[PDB]
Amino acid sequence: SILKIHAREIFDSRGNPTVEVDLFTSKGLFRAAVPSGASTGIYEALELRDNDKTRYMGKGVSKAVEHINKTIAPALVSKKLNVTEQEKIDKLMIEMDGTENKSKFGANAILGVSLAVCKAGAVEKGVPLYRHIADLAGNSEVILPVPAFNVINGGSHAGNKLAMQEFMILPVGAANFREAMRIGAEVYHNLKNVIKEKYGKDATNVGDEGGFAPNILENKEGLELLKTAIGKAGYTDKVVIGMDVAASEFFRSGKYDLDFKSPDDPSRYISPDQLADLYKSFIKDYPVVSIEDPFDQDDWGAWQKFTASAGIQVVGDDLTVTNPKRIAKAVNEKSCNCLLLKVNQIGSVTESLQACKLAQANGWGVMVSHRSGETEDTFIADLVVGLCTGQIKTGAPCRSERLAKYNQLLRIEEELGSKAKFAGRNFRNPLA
């Protein structure tokens, strides 16, 4: 039923080239774009870049776009495969590439087509995208997730000293998704005043994901700022905190550098035990219920040890790279208890759904996520609703590559009407 496929190079939220794909069926035009991370784990599927230093400093994706236009498209159009057959189409592309990490076509090439196919399939079935995703995942129910707003940005997403990547607020106590958005927005604007009053205007600019970028070095101060803003907005009893440390970014041959954005000096590196002690104090002093990538993507011993004594949600991101094989190892070792789901870390809609079901079958929570490099595409909004994970992180309530997702979730809630369910306090596992 695929009449035509055409790919093109567009710009992501950081001004870098990325892949966009147009797919046509008798039902019309279906478009999707591909996100790109900044703190990408070594095990992520290959994001194929041109590496032509004269063009976009080597970041062009004309090669990936060409693999689609010259190879994937003609093949998919010939096979006359129906758009509702996501798995068959994804497997075909995976077989055509033939590599473990999608290094021939590029995961960005295959995902772009994979996403466009998924949207087309939904329309073909005459049902909303989230309902289509739900059918593909075998879910009867659908639910609105608690949003996790990254309101203070650090690490590789901002020009400050702050080593840890993301400081998030989750309105688990909200009555529904629209109130969750209200809480998120009001806390964010109050936080702007709190930071301005304490650090000045120069501290109120934003990072890649829309969070403020005060030039502080202390991660604890970031948490204190959140606590103050939450209090000022009056939602202390409805908001908990989440963090993405992105520890692989400051891993230094066994130790960790919490001041990695300053000229290198080994005298300040700390051990994973010392790093864990810091997390323990955070959990003690603030309502931190979730920590993502607390250690390096392959520092397996530290992960197991911390999760065993933590009491909270521990999210694997670079550890698991939305990859069934890495996830399975993590489940067996009890490395963590939550999967960060990033479709472009594995490269296809089908594999992403398999990663999600694998995590869930093992009792893990799943948090759907954007990449620091986003586009106006809103696929993940329907994805998290259809997969019923109950949690999604897709930015601070600032910069439209983030609001496009939150806005779409508002539209999904409205469409669901009075029967719309919201994860709320059951965000870790809206099932049970």
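In this text, residue numbers run from 1 along the sequence as written.
Q: Look over 284 to 292 and 105 to 113 in the entry and identify the one with the greater average Cα temperature factor.
A: Result of the comparison: 105 to 113.
Q: Can you let me know which of the two, 152 to 160 or 176 to 184, has the higher average C-alpha B-factor in the entry?
A: Result of the comparison: 176 to 184.
Q) Between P324, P147, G311, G316, which one tops the list for C-alpha B-factor in the PDB entry? A) It is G311.
Q) Which one of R268, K198, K255, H189 shows the top CA temperature factor in the record? A) Most elevated C-alpha B-factor of the set, per the entry: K198.
Q. Comparing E66 with the other modelled residues of its chain, is its CA B-factor in the lowest, middle or highest third?
A. It belongs to the highest third of the chain when residues are ordered by C-alpha B-factor.
**Q.** Where the record places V349 (Cα B-factor, split into thirds across the chain)
**A.** Its C-alpha B-factor belongs to the middle third of this chain's values.
Q: Can you work out whether the C-alpha temperature factor of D135 puts it in the lowest, middle or highest third of the chain?
A: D135: CA B-factor falls in the highest third of its chain.
Q: Taking the chain's C-alpha temperature factors as the reference, tell me which third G373 falls into: lowest, middle or highest.
A: Tercile = lowest for this residue's CA B-factor.
Q) Lowest, middle or highest third of the chain for the C-alpha temperature factor of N205? A) Lowest third of the chain for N205's C-alpha B-factor.
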